[PDB]
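Report on one structure; see the data block that follows.
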Amino acid sequence: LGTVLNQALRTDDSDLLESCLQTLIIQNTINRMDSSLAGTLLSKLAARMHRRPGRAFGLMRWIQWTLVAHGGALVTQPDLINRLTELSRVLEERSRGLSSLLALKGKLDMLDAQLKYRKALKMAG
Amino acid sequence: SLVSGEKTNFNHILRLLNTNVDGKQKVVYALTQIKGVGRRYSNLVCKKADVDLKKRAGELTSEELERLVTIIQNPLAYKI
Amino acid sequence: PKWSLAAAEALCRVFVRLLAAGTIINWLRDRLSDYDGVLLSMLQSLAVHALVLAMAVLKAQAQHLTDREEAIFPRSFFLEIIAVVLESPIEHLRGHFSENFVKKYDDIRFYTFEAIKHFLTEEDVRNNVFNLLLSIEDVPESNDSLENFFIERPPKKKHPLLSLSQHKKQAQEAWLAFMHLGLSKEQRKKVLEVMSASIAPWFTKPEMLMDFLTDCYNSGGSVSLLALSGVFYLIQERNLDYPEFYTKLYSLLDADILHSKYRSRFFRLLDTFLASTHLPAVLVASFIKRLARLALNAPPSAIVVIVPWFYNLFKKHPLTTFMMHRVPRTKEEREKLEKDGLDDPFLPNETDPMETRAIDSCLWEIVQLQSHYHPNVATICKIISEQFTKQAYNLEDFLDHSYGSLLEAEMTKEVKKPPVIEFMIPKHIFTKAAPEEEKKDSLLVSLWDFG
Amino acid sequence: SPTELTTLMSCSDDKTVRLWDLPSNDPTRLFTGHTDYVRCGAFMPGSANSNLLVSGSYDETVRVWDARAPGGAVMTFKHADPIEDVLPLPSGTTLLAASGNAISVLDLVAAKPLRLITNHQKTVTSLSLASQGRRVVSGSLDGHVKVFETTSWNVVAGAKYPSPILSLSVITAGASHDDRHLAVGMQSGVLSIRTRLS
Amino acid sequence: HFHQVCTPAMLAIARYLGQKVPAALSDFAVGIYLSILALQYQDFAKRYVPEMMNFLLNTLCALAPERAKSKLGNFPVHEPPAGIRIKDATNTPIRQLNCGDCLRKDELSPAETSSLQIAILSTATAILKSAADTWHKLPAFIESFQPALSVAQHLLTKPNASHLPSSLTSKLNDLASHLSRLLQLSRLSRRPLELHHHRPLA
């Protein structure tokens, strides 16, 4: 979807970017992408990152493979560090709860599992 | 540099049932140019075929032209 | 095995009777499982009637192996049928399955697409599933245009079987599975042949076709000449664009593309591309001039295409008609033109048709091609030479012509009107010298030894 | 002409633009110099530039003529694209030539191009001035409308229409000339009007 | 202008001569024969046979001393599939084509192949000379025979002159000087097109 991503990036589309990204082919796209377009791409994903934090499972993969393939493009394209650090604190807002949410999962999981135990007793009762 | 000019070729002499010559004048005045048709008659024809009187001759599609041919062929099977 | 097949239809009959009617039910469904085994054997066998038998038992299974109202039907067993049908090289089996079941029923289409996706994720078999995917040609129009199902038109009103976008979705997933696996050269030629009419409308999103098409388009050659239609369809529908479209077209129009077979489709797309309005006169003159210099070596069935199209371009863009009638203005220019002959300022093999100097050239090539050996080609260049009376020439009358068409034409004329011959025929048809008649030897004999 | 109520300009297709006076039956002045289709034109607004025409051709030339010397172009600018649209600024100094995939801001007080601005994917079709002469809105064949600031020329806002668009203009209501509503005419043949009230 | 039998045969030549990428020296020889036959069909009726032009140019660049690298006309350059090309055989003399050369032979000796190839080359040079001398008119002469002069100089190049016999060097220098003379005449005599000088009706 290389020219598709390329068009949407250099034309500042939204819906075409949605059409190509909201779904292998991900690696093929980022292989065929071009450089400053990848910079604007990371910028747009940072926007999506802060705006609705529901499904990370696609976009973190996209940012991952982008930093893989055209990461060194941003290195010789180095006046645009702000596009990286505008995300880089955005993800340090994304780590907050891992200081304490894991302890909530433990205290809550037994209430699940105790139901699970009375539910695994239930067919035999 | 690519804009669809799919409509611009309409100042050409159209062909029809009796006269092979019918230019772009209007729908009702083109059907008046058709031999044997009066002006109120062509108005009735256009209103029966539901073609808008604003539209020119040569702004039509082939199926609309053909149903105009069928309803000028028979004026009785359509209500009158 | 005709008694075996009669047994098969009898067991199907009693099975659908007990399904429409209905410590024991375990064996009652064991009958259906071992009949599935028997039926897969009878499909590996007559196979056409065993296949109709298979669709019958599938309809029965969907109807009544459940308590709910909904008719679920086994993707597993149907995937097994898809496996055996698409591995078995029986072309008549495949032809039956294509015409009676897939090209008729929407649920069969949808679940067939999904099972094909699974079966392809997990070379002959690839070519066969390619034949079937081509065999699915027509796309249904609307949600209310689906309107014919085999089993259980669902009353959900939001069921994926009723949503047209899900049909396109599963077709798109099957075609992507096929491409992600990979296809051969004849297959890619067939897809780039049939793409804009049967493939890209079957996609929810055609953007992967845009990327693969611009790869195959910027590759070069007859593959690109086929890819032009798909790229134009993409630009038309979802306005994904080319970087330098008209210069790519100008550099695409090259030596052997007139002799190439697909010139009818190429000339229709070229007709639209040059019937667009926003086009500079220098560029349309560049297309005309390069095409005339290539018409200098085109076949006749290409020249008959190229010339009335030229006439239509001249009727549309009258700034180009200075390439047919250009009187030198100043007497100093006339004197210079008499002293030294005029050299063509046209530059062939130039990149951009915007900067070729086709304006200030002329159609010397066409006034020369007037003297073609075929009379019809000669008269058709004479339409450029003669006058401009008819307002336009539709190209459908001139396309799809071939040497076969010209030969069948000179056949389908009358057997013979009384013809003419050549008087005063020499006796030295194959004599090498003959110095006693002083009529010069035929050059055929003067350059061919017969002895 | 924005100043004289009886004078008009016309860019034909052949090679000519010409100034007409309304009572007469002949062109007041004739201007040549282009070599292909000429298809965009404008008067120069401002007090000092009373009689200056600008026209963009398809020969990749934007020419500005004085109407006092009926010779050649007083200034010319040669791009590398077919020049589709032109608007002057109401300040009278700078000019926008929309040609191909990029618009070009050009200076006339120094005859030197300021900046080429690329943001569009198919060609840009029509420019218009906006809210208070302060924002230039551009409409391009990618179905895209994008409004720029005019001081630093960054892409300030934009939107997408379902069809490739051909002509576009925001229009004002009345006193102080606040943009009442924006119209866009597309290839598919529908006029989309977006209205804002205040 | 129009016949009932004559132009059918000419049309058959046109199909055979525009089509059929050559697969053998038999194909090359049959094409040369039909080329000189069509020239006879168009003697003293100065018509134009573009399939014959592109065919003769194709055989000339398909005899491949080295290769057709780039920039040789706009006619379809095709590939010699089975090494159907001349080699380092300059000592074989030219000879006249015989009808048996229309018979396919997979067992042919290298010397006979070299002689037959050089024979087709020399006879094609003869047919080009005759075609120019019959088509010095027809004002697309320059755009119809700048490829012929260009391919003559292409064979005149030294990595072809290493394999080319001296008789072909003489013949191609003849064709080159002849076509240069004709091109200069047509450059002096070529006039712009004034077709639409129309008498108005009454």
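Residue numbers (the entry's author numbering), protein chains in the order written: chain UE, 153 to 175, 179 to 280; chain Cl, 2 to 81; chain US, 74 to 95, 109 to 131, 134 to 210, 217 to 545; chain UO, 153 to 350; chain UB, 606 to 807. All C-beta atoms, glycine included, are put in the ideal place defined by N, C-alpha and C.
Rounded to whole angstroms, the gap between the alpha carbons of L204 (chain UO) and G59 (chain Cl) is 42 angstroms. Distance from the Cα of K409 (chain US) is smallest, within the candidate group Cl:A31, Cl:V4, Cl:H13, for Cl:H13. For the set UO:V307, UO:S283, UO:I255, the Cα lying nearest the Cα of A327 (chain UO) is the one of UO:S283.
Beta-bridge analysis with DSSP links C192 (chain UO) to UO:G208.
With a threshold of 16 other beta carbon atoms within 10 Å, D648 (chain UB) falls short and is exposed. Spanning the alpha carbons of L256 (chain US) and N237 (chain US) requires a straight line of approximately 6 angstroms. Put simply, the CB of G310 (chain UO) is near chain UE, with a gap under 9 angstroms to one of its CB atoms. Within chain US, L390, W458, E459, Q462 have C-beta atoms less than 7 angstroms from the C-beta of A745 (chain UB), given in sequence order. Between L277 (chain US) and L270 (chain US), the alpha-carbon positions lie close to 11 angstroms from each other.
Put simply, the backbone Cα of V635 (chain UB) is about 18 angstroms away from that of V682 (chain UB). In terms of Cβ geometry, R57 (chain Cl) and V28 (chain Cl) form a close pair [threshold 9 angstroms]. Below the 8 angstroms Cβ cutoff, chain UB contributes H606, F607, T612 as neighbours of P469 (chain US), in chain order. Taking a Cβ-Cβ cut-off of 7 angstroms, the neighbours of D294 (chain UO) in chain UE comprise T163, given in sequence order. Proximity of chain US to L222 (chain UE) at the Cβ level (cut-off 9 angstroms) is not reached, the minimal Cβ distance being about 22 angstroms.
When Cβ-Cβ separations below 9 angstroms define contact, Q273 (chain UO) makes no contact with chain Cl. In this structure, DSSP gives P179 (chain UO) an extended state, which the three-state scheme calls strand.
Residue environment analysis places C611 (chain UB) among the exposed positions, since fewer than 16 neighbouring C-beta atoms fall within 10 angstroms of its C-beta. If you check the CB distance, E236 (chain UO) and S207 (chain UO) do not come in under 9 angstroms. When C-beta atoms of the stretch 391-410 of chain US are compared with those of the stretch 460-474 of chain US, three or more pairs fall below 8 angstroms, so the two segments count as touching.
Taken atom to atom, the span from the alpha-carbon of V322 (chain UO) to that of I269 (chain UO) is near 21 angstroms.
Proximity of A321 (chain US) to chain Cl, defined by a Cβ-Cβ separation below 9 angstroms, is not satisfied. Interface annotation, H741 (chain UB): not in contact with chain US, CB-CB separation never under 9 angstroms. Within chain US, the C-beta atoms nearer than 8 angstroms to that of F680 (chain UB) come from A349, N391, in chain order.
Counting only the Cα atoms, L169 (chain UE) lies some 21 angstroms from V245 (chain UE). Closest option to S782 (chain UB), judged by alpha-carbon separation, among UB:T730, UB:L721, UB:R804: UB:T730. Taken in chain order, the members of the stretch 317-349 of chain UO whose beta-carbon sits within less than 8 angstroms of a beta-carbon on chain Cl are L318, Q339. Contact fails between the stretch 519-538 of chain US and the stretch 682-691 of chain UB, because fewer than three Cβ pairs, one in each stretch, are under 8 angstroms apart.
Taking the C-beta atoms as reference points, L463 (chain US) is found nearer than 9 angstroms to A745 (chain UB).
By the beta-carbon neighbour count (other beta carbons within 10 angstroms, threshold 16), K676 (chain UB) is exposed.
Residues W220 of the same chain have their beta carbon placed closer than 7 angstroms to that of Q182 (chain UE), with the five preceding and five following residues left out of the count.
Using a CB distance below 7 angstroms, the part of the stretch 334-365 of chain US facing chain UO consists of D335, ordered along the chain.
UO:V297 is the residue among UO:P265, UO:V297, UO:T159 whose C-alpha sits nearest the C-alpha of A335 (chain UO).
Contact with chain US is absent for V29 (chain Cl), since none of that chain's Cβ atoms lies less than 9 angstroms from the residue's Cβ. In the structure shown, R332 (chain UO) falls within a strand segment according to DSSP collapsed to helix, strand and coil.
With respect to chain UO, the C-beta atom of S171 (chain UE) has no partner C-beta closer than 9 angstroms.
In the assembly as shown, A232 (chain UO) is an exposed residue. Its beta-carbon has fewer than 16 other beta-carbons within 10 Å.
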